[PDB]
Amino acid sequence: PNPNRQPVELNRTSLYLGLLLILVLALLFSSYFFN
Amino acid sequence: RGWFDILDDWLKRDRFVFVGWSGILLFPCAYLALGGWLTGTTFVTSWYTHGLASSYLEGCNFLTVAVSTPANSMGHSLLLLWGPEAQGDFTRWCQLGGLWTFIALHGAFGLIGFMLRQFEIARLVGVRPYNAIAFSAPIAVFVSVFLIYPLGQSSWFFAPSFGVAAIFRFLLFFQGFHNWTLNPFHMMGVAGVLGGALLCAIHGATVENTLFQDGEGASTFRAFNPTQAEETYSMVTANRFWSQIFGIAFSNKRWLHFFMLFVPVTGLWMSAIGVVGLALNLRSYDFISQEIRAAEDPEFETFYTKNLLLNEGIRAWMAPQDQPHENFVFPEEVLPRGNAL
Amino acid sequence: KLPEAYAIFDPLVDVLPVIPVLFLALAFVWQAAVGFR
Amino acid sequence: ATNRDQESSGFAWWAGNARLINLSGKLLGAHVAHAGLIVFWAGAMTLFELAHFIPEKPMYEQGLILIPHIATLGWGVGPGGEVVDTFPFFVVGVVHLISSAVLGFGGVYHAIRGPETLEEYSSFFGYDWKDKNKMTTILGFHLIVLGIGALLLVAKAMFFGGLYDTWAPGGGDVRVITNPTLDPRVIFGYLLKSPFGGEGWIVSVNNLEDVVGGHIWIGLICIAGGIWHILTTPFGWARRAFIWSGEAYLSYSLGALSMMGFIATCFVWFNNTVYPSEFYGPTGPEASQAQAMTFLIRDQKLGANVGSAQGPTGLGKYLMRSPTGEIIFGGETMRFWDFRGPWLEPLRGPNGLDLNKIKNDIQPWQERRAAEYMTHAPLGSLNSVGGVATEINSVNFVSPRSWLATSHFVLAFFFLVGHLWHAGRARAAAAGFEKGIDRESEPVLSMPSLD
Amino acid sequence: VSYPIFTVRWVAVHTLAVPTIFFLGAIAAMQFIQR
Amino acid sequence: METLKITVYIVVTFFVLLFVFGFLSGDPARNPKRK
Amino acid sequence: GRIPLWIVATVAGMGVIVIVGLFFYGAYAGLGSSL
Amino acid sequence: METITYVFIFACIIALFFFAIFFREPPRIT
Amino acid sequence: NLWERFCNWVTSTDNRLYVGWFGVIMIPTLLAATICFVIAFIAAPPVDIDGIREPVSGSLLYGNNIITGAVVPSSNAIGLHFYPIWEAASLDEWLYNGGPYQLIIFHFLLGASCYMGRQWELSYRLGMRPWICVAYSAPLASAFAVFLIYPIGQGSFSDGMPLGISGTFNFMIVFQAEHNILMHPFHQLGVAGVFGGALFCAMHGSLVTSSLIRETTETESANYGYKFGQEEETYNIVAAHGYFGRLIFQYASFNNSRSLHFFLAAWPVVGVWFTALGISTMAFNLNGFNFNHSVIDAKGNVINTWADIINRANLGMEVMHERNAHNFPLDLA
Amino acid sequence: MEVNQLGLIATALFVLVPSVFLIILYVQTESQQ
Amino acid sequence: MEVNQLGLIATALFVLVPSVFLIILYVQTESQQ
Ligand code: CLA
Ligand code: CLA
Ligand code: CLA
Ligand code: CLA
Ligand code: CLA
Ligand SMILES: CC1=C(/C=C/C(C)=C/C=C/C(C)=C/C=C/C=C(C)/C=C/C=C(C)/C=C/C2=C(C)CCCC2(C)C)C(C)(C)CCC1
Ligand SMILES: CC1=C(/C=C/C(C)=C/C=C/C(C)=C/C=C/C=C(C)/C=C/C=C(C)/C=C/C2=C(C)CCCC2(C)C)C(C)(C)CCC1
Ligand SMILES: CC1=C(/C=C/C(C)=C/C=C/C(C)=C/C=C/C=C(C)/C=C/C=C(C)/C=C/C2=C(C)CCCC2(C)C)C(C)(C)CCC1
Ligand SMILES: CCCCCCCCCCCCO[C@@H]1O[C@H](CO)[C@@H](O[C@H]2O[C@H](CO)[C@@H](O)[C@H](O)[C@H]2O)[C@H](O)[C@H]1O
Ligand code: OEX
Ligand SMILES: [Cl-]
Ligand SMILES: [Cl-]
Ligand SMILES: [Fe+2]
């Protein structure tokens, strides 16, 4: 058993912020991907 | 105790102006960059490099003075005073644009010295070095715009000149030739800068309007003592206000201030990436589908196609005087014009 | 032009409009004279 | 020093005029001295404009904003706006300068020498901001004074020489108004007009009869309202609707002044009746219409058929139709087809611009006026280089319409900001939290959670 | 009391201020140059 | 169009009357501290 | 031997005003005046 | 095809707005 | 009484989103503007913006992406005339002449003004100091300048800013061509406002983050060291002041948190006020500085400056913008 | 319009791979207690 | 080969949407103890 294990967390606010970042980045770059 | 330790004690002494080890790099380089800019905008012409007047001595005002970039035939020469172009002659060095590379190189090393100063003072005072990390974004902007962009281009000539109207020329050049407004990295930079200004205004106003009454003065600035332990404003009231006005609100002060760090720094870094792309002429100039449609269909018009026509006008009308080394002779009949005007 | 008998006072007229601006500046001078108390 | 520091007054130096809120004598001194400043600027600026005035050159080419106001009143001008005597301008300037000396003496006396509070000296001149009867009485006095001023404008128009009329038959001239429009239908139909294009609300008043009749109505209404507020106390709904404090009254006046500044900006930009183009230059719409007229005249003299000439897009090069069918000038000046000017109305028939009067009835004075207004369009730089932003440095011209409109938009916007500042502060000070949140009795702590 | 004179602050102040006054004199002289 | 114009005029008049009479309905009293 | 600080501030600000006004005067006269 | 993509991303953003406003982590005052 | 219950509900601070009377105006106008904007941005037919029967397509279904799409401003033939739906003979005519733009911008401007009023209203209901709405007046003034004041000064809503990304860029470029906004001091003050706002935002954020008091261990996020509603300050203001005072000098650093946050509010708000006023004052054609042919040699030859290069770029934009709309030599509006 | 074909799948992956990643880290956070 | 272009994104979605679903459940099962 490795003692260097740690639990990972991501709260709901961080989920909302990350989803907003990803969706806005996709909305920005989609026109350039389609070109 | 050793000369190094005694010099360290002297450099880190408490003073009106902190010096530190980083001061040896910072103060000469920053002073020489500022002095070179003031000297160039006061006394030095751009007549042999651009064909322009750019100093107070020639009659330019504060908006129109600049230390202009060297001539395009210099290439990416460092243009040292003792180098093979000037050959130790200060007058010829000024006339050939050596002050531009002087300011650019001393400014780069001064920016390095200032970030090292941020690190050194953070280490001495005992705080985390997030101010230096935030200052990495102006350094990225300066390196991408003043160093990487002309290095990708043909010469130092297409770097920005150190002046107000010269920087405005640089903006209009990037619009006309690169379509830099269409670039998504510049769009992220604009979002970062405007969001930083918004966050600055909104956080300042929110703090000033959720203050606790801690005095009887109708001017509330005296109601704060720096050694006090309690918060000077109500985070709960501010959170409820913005939750009911805007829908969402900060509830964590540390996250709020990290976000204030994060937004403009990330914006500036994205814009620096876009400027690297433009250094290689890797532009977001056009959308291919729209151009195929517009080529085959003479009734299809968008604001993007109108912007492309504006860019054609900028390039054709600006290039003979903005790029005098090319010896562009555009006759009047080849200039793209609309009806009348 | 002004009426001719007033022509000798033409320079003074030339500096009359800027006097209200000085009034604003005068306030700050007065405050500096009392230490901005 | 009474109330002259932060410890006794609660206000810092940068809010030091807020120390005057409850000091009626010193506040009166501040007001009278400031009124002296206003009158001083009027007189000194008039003398400055007169000292550099070249009477044969048009007023709008000389950076004048006060001489056109005197000239519109009919003082010192003849037919066509020609200056015939500069002495009324001098009289207006010097009388304002001397009166400003008197007002400055009074303001200084009440500010530093007179009694700090007027309540002990006089029940009539003393006041308390919370006394609504006294506030309405002072408002009534000032309403009567404003009504008398409006009637003074009427008296100038009807008895003491008249006003300059740009619509007078045979060019603009000084005209005595003998039949002002007293019909409430016309006056309050101006009040009820749309503010949008083609209607223009009160900015669209286009004859001096309506102007004089409106000022008769304004003077009578202001005098009646002044007597009403002298004789009556505020009602219960008014007492419950407003904050009754000095800062609150200031904020109400700030909102009113912001709205009036926006209206004055639109008035000087669009109206060529109370701002005649002989004195203020052409309006922007006027200059665009003048350019279209100028090139219609030039090409018709070259033999073109201006009615059948077709532009690049298929619209008429010189003449087209407005969306409601009127024959109007072509090009971008299609946006300015609601423009009315005395040099253009002789060519207008029932269906808009008339082709036959265009072909046969364009006089040389109209061609001169069109060329002059085309080349003095209200376009110029901040350093007063006339023309579009791409023009070279040879013409030193910015239209006074541009200066007046821009300056008063800036002032009107900042006074809207001041209204917001003082209205919010008056509300917070009346409720008692303008200094911040009480730590012990924070309201949000007594509220339920949102979620 | 017993304050010194020539400190680091003195050097910084004068390295900024001496050329500033020199340059201001130069530009003031430039205002009187004709073509 | 005429029916639409009357409908929009009625809706706008209703909301504006709500605004005006709401701010006449003792708004300075509706604050947490005083009255 | 103390000159009041308000006198020093007033004189320095007047000097700044004179220098700036000289620069604007030179904007209208001599080199850079387009004349 | 590209229009559907843009409208889909925009609608996902609006749905995210709804959930971030009405189904947020409640700020629990300690 | 039904009216008393309705007044209690409207002004209730227990609603998840506060309404208020300003919100009674704000919600329908902003809902109308939002719904019409989404529908027009997706599916509006092309609009003859310049009034020269040259329709410009701005919706996604007519060949645009997110970047190039816009709600196109109303026709130049309309000008400043009020153009509601019932003024048009049909919806096809209303869509052809850019009626959706007028609907959206009028509803949006009213709703945003009521948003400012609503910010005041909620601050009053919560016992707050009232001036957040004053800070919001700067972007609101900017919106009024680009959507209302500039069309009024220029005489047509066709010259308002298009509701799109590339339309915004078109507005910027044509504005620089016609007014030389870069050389206008109010726009320079606005750039100082936004650059300084970003700078001071990054500065304040990094200085507060730098001086956070240790409350957590190395594994967890430092943000868990702050609890919502806690009474103690989560960072050392004195340590941040000591750092920043050694970074420049002691008297360039705020030791007062209230003065610092007032400065953070005041710098970008005043800068944006000035740039909005710049747009309005250039709407009445008081343009930026003109230094074309300012520098002249002894003989009389024009010596070019950087302002002359800017003038060349402006001339290119000027002769190419609205390439079919001009019949006469001067672009007077 | 003659758009790039891979621009669909790229955009989908640009949404899908990070979002579900965050979703994974969110849901396993919620199941911890 | 003239294949259906949508097939690619279809295949990707057919792989990705249910798989990450299982991954979500599995990961939130592992963090429950
Ligand atoms: C510490 C501060 C500092 C720093 C980092 C720089 C940095 C720079 N200066 Mg600069 N400068 C400074 C202070 C500083 N300066 C001061 C105080 C002055 C006023 C006198 C100047 C005046 C000045 C001028 C006038 C010019 C520069 C230039 C330059 C650039 C090129 C220099 C070069 O190639 O030589 C690099 C030299 C070294 C790195 C020295 C190496 C020493 C090590 C220890 C090796 C040991 C050598 C050995 C003992 C001797 C060998 C003997 C024999 C074999 C040769 C560079 C960016 C040039 C420029 O900007 O071009 C556009 C230029 O023209 N400087
Ligand atoms: C239109 C501008 C204006 C006016 C009319 C006033 C008027 C006033 N201010 Mg004030 N103020 C202003 C702008 C103005 N302020 C500005 C811009 C600031 C910010 C710097 C302040 C900051 C400020 C503070 C901090 C305070 C005042 C106070 C006062 C009042 C008493 C002043 C006093 O004791 O004088 C003392 C000053 C002197 C004796 C110096 C001489 C002043 C005279 C009037 C100069 C006149 C010059 C003129 C050429 C003379 C013509 C005479 C001729 C006509 C015969 C007074 C009513 C005070 C107050 O509220 O008192 C309770 C107070 O504490 N003000
Ligand atoms: C009739 C108009 C009017 C009146 C009577 C007042 C009266 C008052 N205001 Mg107010 N205000 C107004 C308009 C008005 N305001 C407008 C239009 C705005 C919007 C900008 C404000 C914004 C405002 C704020 C933000 C505050 C006040 C405050 C106050 C109080 C103290 C003011 C003081 O001491 O200033 C002292 C004067 C100065 C410090 C000078 C300021 C210098 C100005 C800003 C620059 C002017 C530049 C000039 C026009 C052009 C350049 C000149 C050149 C020489 C450089 C006082 C009751 C204070 C308050 O609430 O107290 C209760 C306060 O904090 N006002
Ligand atoms: C807004 C203007 C205003 C107001 C309300 C006051 C109010 C007051 N002043 Mg004051 N004063 C003013 C302006 C004003 N003054 C000016 C401009 C000056 C300089 C001339 C003075 C000089 C002055 C002195 C020297 C004294 C006062 C005194 C007084 C107090 C008693 C006056 C009295 O009993 O009535 C007297 C009423 C009259 C004499 C009737 C005058 C009627 C005038 C001449 C008609 C003018 C026509 C029209 C109304 C104004 C036209 C100008 C307009 C376009 C601006 C009272 C508080 C006294 C005081 O405080 O004692 C302790 C005192 O000794 N005042
Ligand atoms: C400087 C001018 C001025 C000022 C500040 C006041 C101030 C006041 N008057 Mg008043 N009044 C005046 C001139 C003035 N009066 C004049 C000249 C007259 C004669 C006609 C009157 C006749 C008068 C009467 C008969 C009454 C008042 C009343 C009042 C009080 C309550 C005001 C109120 O709630 O109305 C605010 C306005 C409203 C409630 C109207 C509803 C708002 C609508 C929707 C605004 C629409 C306009 C919009 C902005 C568009 C503009 C263009 C439009 C014309 C189409 C207040 C003390 C009342 C009172 O208590 O007196 C004892 C009262 O009953 N006044
Ligand atoms: C390059 C070079 C060098 C260097 C030099 C130097 C270092 C110099 C310096 C110089 C300087 C150091 C100068 C200065 C200048 C300054 C000036 C010229 C100033 C001006 C100012 C003004 C004009 C002001 C303004 C203002 C503002 C900003 C705002 C408010 C208002 C006022 C007005 C106050 C050497 C030899 C080493 C080497 C070789 C090369
Ligand atoms: C309270 C106060 C204040 C204010 C004040 C004021 C604002 C005042 C005003 C004042 C004024 C408002 C004054 C006035 C004066 C005037 C005069 C004294 C005049 C005279 C005149 C004359 C002498 C004339 C002459 C002539 C003629 C006859 C004609 C020809 C030309 C000539 C010009 C030569 C301040 C802010 C400082 C602050 C503190 C306190
Ligand atoms: C001279 C003239 C004329 C005439 C005029 C007139 C006759 C006028 C009048 C006018 C008027 C008769 C006006 C009125 C106005 C009003 C106003 C401006 C109002 C305001 C209001 C307010 C401000 C309210 C507020 C409120 C609300 C919202 C609710 C609750 C609370 C309170 C109470 C706060 C004409 C144009 C023919 C022509 C030219 C000349
Ligand atoms: C276009 C609109 C403009 C024209 C119409 C307005 C002209 C001005 C006339 C004043 C009318 C104000 O009348 C106002 O009405 C409301 C509704 O009954 C009254 O009644 C209100 O009182 C209290 C607050 O005090 C509330 O809790 C109560 O529910 C409510 O009924 C107000 O006390 C009264 O002041
Ligand atoms: O519409 Mn939009 O932009 Ca104002 O200038 Mn004239 O018009 Mn058109 O040209 Mn240039
Ligand atoms: Cl265009
Ligand atoms: Cl045209
Ligand atoms: Fe903060």
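Here is the naming used below: chain letters follow the sequence lines, and residue numbers restart at 1 for every chain. Atoms within a ligand are numbered from 1 in the order they appear, just like the ligands themselves. Note: hydrogens, waters and symmetry copies are ignored here, and every other heavy atom, side chains too, is used.
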| task | Show your working on salt bridge (charged side-chain N to carboxylate O under 4.0 Å, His left out) between B:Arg337 and I:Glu322 and close with a plain yes or no. | result | CA-CA 10 Å; B:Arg337 316 177 63 159; I:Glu322 299 170 4; over 6 Å; no
| message | Give the residues near ligand 5 by chain and number, with the criterion being a heavy-atom distance under 4.0 Å. | response | D:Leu139, D:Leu143, D:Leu191, D:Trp201, D:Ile221, D:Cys222, D:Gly225, D:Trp228, D:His229, D:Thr233, D:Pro234, D:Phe235, D:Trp237, D:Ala238, D:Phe242
| request: Angle at atom 8 (Mn) of ligand 10: provide the value between OE2 of D:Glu332 and OE1 of I:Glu322, rounding to 10 degrees. | output: 80°
| request: Pull out every atom of ligand 10 sitting under 4.0 Å from any heavy atom of I:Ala333, numbered as shown with elements. | output: 4 (Ca), 5 (O), 6 (Mn), 7 (O)
| remark: Of all protein heavy atoms, the one nearest atom 1 (O) of ligand 10 is I:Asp159 OD1, 2.7 Å
| Nearest protein heavy atom with distance in Å, relative to atom 9 (O) of ligand 10 | I:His326 NE2, 2.6 Å
| About how many Å separate CE of I:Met282 and CG of I:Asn180, when rounded to the nearest 0.5 Å? | 9.0 Å
| query | Is I:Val174 in polar range of ligand 10, meaning some N or O pair under 3.5 Å apart? | reply | no
| Do any nitrogen or oxygen atoms of D:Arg335 come within less than 3.5 Å of a nitrogen or oxygen of ligand 10? | yes
Without hydrogens or angle criteria, can the side chains of [X] and [Y] be said to hold a donor-acceptor pair below 3.5 Å?
X: D:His422; Y: D:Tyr249; result: no
X: B:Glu291; Y: B:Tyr304; result: yes
X: I:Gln154; Y: I:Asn285; result: yes
X: F:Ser25; Y: I:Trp3; result: yes

| query | Between I:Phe157 and I:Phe106, is the ring centre distance below 6.0 Å? | reply | yes
| note | Logged contact type for I:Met317 with ligand 10, heavy-atom cut-off 4.0 Å, is neither
| request: Write out all pairs satisfying side-chain hydrogen bond (donor to acceptor under 3.5 Å, both in side chains) with one or both partners inside residues 285-295 of chain D, taking only residues at least two apart or from two chains. | output: D:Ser277-D:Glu286, D:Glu286-D:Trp343, D:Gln289-D:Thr333
| message | Rounding to 10°, state the angle centred on atom 10 (Mn) of ligand 10 that links OD2 in I:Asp331 with OE2 in I:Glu178. | response | 110°
| When you measure from the side chain of B:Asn179 to the backbone N and O of B:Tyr285, does any donor-acceptor pair fall under 3.5 Å? | yes
| said: For I:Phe175 and I:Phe171, take the angle between the two ring planes, folded into 0 to 90°, and tell me which bin it lands in: parallel under 30, tilted 30 to 60, perpendicular over 60. | reply: tilted
